[PDB]
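Pasted below: final-v8.tsv, TSV, C-alpha atoms and all ligand atoms.
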```
chain	number	residue	atom	x	y	z
A	1	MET	CA	-21.51	4.53	5.86
A	2	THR	CA	-18.10	6.06	5.28
A	3	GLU	CA	-16.27	4.31	2.46
A	4	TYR	CA	-12.49	4.43	2.05
A	5	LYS	CA	-11.13	3.88	-1.46
A	6	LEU	CA	-7.69	2.34	-0.99
A	7	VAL	CA	-5.30	1.39	-3.81
A	8	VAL	CA	-2.43	-1.10	-3.39
A	9	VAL	CA	0.47	-0.40	-5.80
A	10	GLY	CA	4.01	-1.68	-6.33
A	11	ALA	CA	6.36	-3.67	-8.57
A	12	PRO	CA	5.55	-7.21	-9.79
A	13	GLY	CA	5.60	-9.90	-7.10
A	14	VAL	CA	6.13	-7.65	-4.06
A	15	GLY	CA	3.03	-9.08	-2.37
A	16	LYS	CA	0.23	-6.65	-3.23
A	17	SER	CA	-2.30	-9.49	-3.43
A	18	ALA	CA	-0.96	-11.49	-0.49
A	19	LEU	CA	-1.39	-8.44	1.77
A	20	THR	CA	-4.95	-7.83	0.55
A	21	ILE	CA	-5.97	-11.49	0.84
A	22	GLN	CA	-4.55	-11.75	4.36
A	23	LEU	CA	-6.65	-8.73	5.36
A	24	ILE	CA	-9.88	-9.85	3.68
A	25	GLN	CA	-9.79	-13.67	3.84
A	26	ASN	CA	-7.33	-14.38	6.67
A	27	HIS	CA	-4.96	-16.64	4.74
A	28	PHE	CA	-1.59	-16.50	2.97
A	29	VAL	CA	-1.45	-17.27	-0.74
A	30	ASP	CA	1.78	-19.12	-1.59
A	31	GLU	CA	0.99	-18.59	-5.27
A	32	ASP	CA	-9.17	-7.17	-8.44
A	33	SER	CA	-11.29	-5.10	-6.07
A	34	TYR	CA	-12.46	-6.17	-2.61
A	35	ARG	CA	-15.23	-4.70	-0.46
A	36	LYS	CA	-15.47	-5.43	3.25
A	37	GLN	CA	-17.38	-3.90	6.16
A	38	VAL	CA	-15.08	-3.37	9.14
A	39	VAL	CA	-14.98	-1.37	12.36
A	40	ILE	CA	-11.84	0.75	12.81
A	41	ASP	CA	-11.46	2.69	16.07
A	42	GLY	CA	-15.17	2.39	16.67
A	43	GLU	CA	-16.14	3.72	13.25
A	44	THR	CA	-18.23	1.41	11.10
A	45	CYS	CA	-16.92	1.71	7.56
A	46	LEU	CA	-16.39	0.00	4.23
A	47	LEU	CA	-12.93	-0.72	2.84
A	48	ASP	CA	-13.07	-0.65	-0.96
A	49	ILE	CA	-9.64	-1.92	-1.96
A	50	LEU	CA	-8.14	-2.07	-5.44
A	51	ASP	CA	-5.42	-4.67	-5.77
A	52	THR	CA	-3.62	-3.49	-8.92
A	53	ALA	CA	-1.81	-5.50	-11.60
A	54	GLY	CA	1.97	-5.63	-11.36
A	55	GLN	CA	2.56	-4.79	-15.01
A	56	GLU	CA	0.56	-2.29	-17.04
A	57	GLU	CA	2.15	-0.94	-20.19
A	58	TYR	CA	-0.15	1.94	-19.35
A	59	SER	CA	0.55	4.77	-16.93
A	60	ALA	CA	-2.64	6.02	-18.55
A	61	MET	CA	-4.13	2.70	-17.49
A	62	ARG	CA	-2.94	3.65	-13.99
A	63	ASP	CA	-4.24	7.24	-14.21
A	64	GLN	CA	-7.80	5.95	-14.05
A	65	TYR	CA	-7.51	4.18	-10.69
A	66	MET	CA	-5.09	6.67	-9.12
A	67	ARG	CA	-7.63	9.41	-9.85
A	68	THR	CA	-10.36	7.82	-7.72
A	69	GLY	CA	-8.24	6.34	-4.93
A	70	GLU	CA	-8.21	8.26	-1.64
A	71	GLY	CA	-5.16	6.60	-0.12
A	72	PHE	CA	-2.38	4.40	-1.43
A	73	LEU	CA	-0.37	1.50	-0.06
A	74	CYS	CA	2.98	1.74	-1.83
A	75	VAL	CA	4.48	-1.70	-1.44
A	76	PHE	CA	8.02	-2.94	-2.00
A	77	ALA	CA	9.73	-6.17	-0.93
A	78	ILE	CA	12.71	-6.01	1.45
A	79	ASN	CA	14.56	-8.67	-0.56
A	80	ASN	CA	14.07	-6.75	-3.83
A	81	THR	CA	16.15	-3.60	-4.33
A	82	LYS	CA	14.56	-2.80	-7.71
A	83	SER	CA	11.09	-2.77	-6.14
A	84	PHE	CA	12.29	-0.25	-3.51
A	85	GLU	CA	13.84	2.02	-6.13
A	86	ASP	CA	10.62	1.87	-8.18
A	87	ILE	CA	8.66	3.44	-5.29
A	88	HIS	CA	9.71	6.89	-6.51
A	89	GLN	CA	8.10	6.41	-9.94
A	90	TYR	CA	4.80	5.31	-8.36
A	91	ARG	CA	4.72	8.24	-5.91
A	92	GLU	CA	5.47	10.82	-8.62
A	93	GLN	CA	2.68	9.39	-10.81
A	94	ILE	CA	0.20	9.52	-7.92
A	95	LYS	CA	1.13	13.15	-7.22
A	96	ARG	CA	0.87	13.99	-10.93
A	97	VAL	CA	-2.67	12.60	-11.33
A	98	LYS	CA	-4.02	13.85	-7.98
A	99	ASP	CA	-2.53	17.33	-8.45
A	100	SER	CA	-1.11	17.20	-4.93
A	101	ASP	CA	2.17	17.08	-3.08
A	102	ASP	CA	0.27	15.54	-0.15
A	103	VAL	CA	-1.80	12.41	-0.76
A	104	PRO	CA	-2.63	9.87	1.98
A	105	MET	CA	-0.01	7.17	1.54
A	106	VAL	CA	1.86	4.52	3.54
A	107	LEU	CA	5.23	3.02	2.57
A	108	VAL	CA	5.16	-0.73	3.15
A	109	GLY	CA	8.21	-2.95	3.27
A	110	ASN	CA	6.77	-6.43	2.74
A	111	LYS	CA	8.22	-9.95	3.17
A	112	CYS	CA	9.91	-9.02	6.46
A	113	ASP	CA	9.89	-12.70	7.44
A	114	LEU	CA	12.76	-13.32	5.01
A	115	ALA	CA	16.36	-13.32	6.31
A	116	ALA	CA	17.89	-12.47	2.95
A	117	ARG	CA	17.01	-8.78	2.98
A	118	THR	CA	18.62	-6.32	0.57
A	119	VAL	CA	16.86	-3.11	1.62
A	120	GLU	CA	17.70	-1.94	5.15
A	121	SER	CA	14.95	-0.66	7.43
A	122	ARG	CA	16.87	2.59	8.00
A	123	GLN	CA	17.03	3.10	4.22
A	124	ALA	CA	13.27	2.83	3.82
A	125	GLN	CA	12.67	4.77	7.03
A	126	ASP	CA	14.62	7.78	5.78
A	127	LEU	CA	12.86	7.73	2.40
A	128	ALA	CA	9.48	7.71	4.14
A	129	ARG	CA	10.69	10.63	6.29
A	130	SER	CA	11.56	12.64	3.19
A	131	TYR	CA	8.07	12.00	1.78
A	132	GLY	CA	6.54	12.78	5.15
A	133	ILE	CA	4.68	9.47	5.20
A	134	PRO	CA	4.66	6.51	7.64
A	135	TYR	CA	6.81	3.42	7.05
A	136	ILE	CA	5.49	0.01	8.16
A	137	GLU	CA	7.09	-3.40	7.62
A	138	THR	CA	4.76	-6.31	6.92
A	139	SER	CA	4.67	-10.01	6.29
A	140	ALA	CA	1.65	-11.38	4.45
A	141	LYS	CA	3.05	-14.77	5.50
A	142	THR	CA	2.97	-14.26	9.28
A	143	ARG	CA	0.35	-11.46	9.19
A	144	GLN	CA	2.73	-9.12	11.04
A	145	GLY	CA	1.88	-5.50	10.37
A	146	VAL	CA	-0.96	-6.23	7.91
A	147	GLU	CA	-3.84	-4.60	9.84
A	148	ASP	CA	-1.38	-1.95	10.97
A	149	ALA	CA	-0.62	-0.94	7.38
A	150	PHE	CA	-4.23	-0.70	6.20
A	151	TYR	CA	-5.56	0.91	9.39
A	152	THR	CA	-2.75	3.49	9.44
A	153	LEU	CA	-3.71	4.39	5.86
A	154	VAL	CA	-7.35	4.85	6.89
A	155	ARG	CA	-6.20	7.13	9.70
A	156	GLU	CA	-4.11	9.17	7.25
A	157	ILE	CA	-7.20	9.72	5.08
A	158	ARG	CA	-9.21	10.69	8.19
A	159	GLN	CA	-6.54	13.32	8.91
A	160	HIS	CA	-6.17	14.75	5.40
A	201	MG	MG	-1.23	-9.46	-7.47
```

Would it be possible to restate this file's structure as structure tokens?
Ligand SMILES: [Mg+2]
Amino acid sequence: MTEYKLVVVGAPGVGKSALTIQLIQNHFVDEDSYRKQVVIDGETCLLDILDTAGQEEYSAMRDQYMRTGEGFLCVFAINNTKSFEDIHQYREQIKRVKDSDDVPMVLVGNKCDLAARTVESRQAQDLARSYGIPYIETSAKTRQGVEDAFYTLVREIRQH
């Protein structure tokens, strides 16, 4: 069947794993690659998801998995300004290794269940506009937007 190689990236503790585990195992972790057969819009397919480490000391350690990934979830946390500002470094590295200005990618603002938010939705929305990619807010805690984020990414790959 069609396989989709998805890579989840972002700063430490933004919820890369919590999003992946919600999708795959249907539970929130209050404290890796995954393969799952799904059906998305009638298409039977396999999600092969890489849930990346939050720290690397590499950037050549990242080049390996960015090379093979077809689409990327770029995750920040809406209560973490640093994680939002780091999005630019991750996107530029992905473009550098894939030799492309256009790579399937979704900008994800996670932890949208929190009331102490430091990054405004309009802020992230306008950034996503300038990249020409979709912005989706998620909560791994409530499962809001989780399938949305991953399915939208799969649709971006199908359109590339
Ligand atoms: Mg993790």

Can you build me a table of chain A residues sitting at most 7 Å from ligand MG 201 (chain A), with the closest atom pair per residue and its distance in Å to one decimal, using all atoms listed in the file, sorted by chain and residue number, as CSV?
```
residue,atom,partner,partner_atom,distance
A:13,CA,A:MG201,MG,6.9
A:15,CA,A:MG201,MG,6.7
A:16,CA,A:MG201,MG,5.3
A:17,CA,A:MG201,MG,4.2
A:51,CA,A:MG201,MG,6.6
A:52,CA,A:MG201,MG,6.6
A:53,CA,A:MG201,MG,5.8
A:54,CA,A:MG201,MG,6.3
```

Step by step, gather every atom of range 56-69 of chain A that the file lists, find the box along x, y and z that holds them, add 3 Å on each side, and finally give centre and edge lengths in Å to one decimal, as JSON.
```
{"center_x": -4.1, "center_y": 3.6, "center_z": -12.6, "size_x": 18.5, "size_y": 17.7, "size_z": 21.3}
```

**Prompt:** Pick the closest to residue 149 in chain A from A:61, A:97, A:125, A:107: which is it, counting only C-alpha atoms?
**Reply:** A:107

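Shortest separation to residue 121 in chain A among A:28, A:72, A:135, A:58 occurs at residue A:135, atoms counted being all atoms listed in the file.
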
**Asked** Looking at only C-alpha atoms, which of A:23, A:113, A:43, A:96 is the one that sits closest to residue 155 in chain A?
**Response** A:43

**Request:** Give me the residues within 8 Å of range 4-12 of chain A as a PyMOL selection string, counting only C-alpha atoms and dropping any in the same chain fewer than 4 places off.
**Result:** chain A and resi 16+45-55+65-66+68-76+83+86-87+90+154
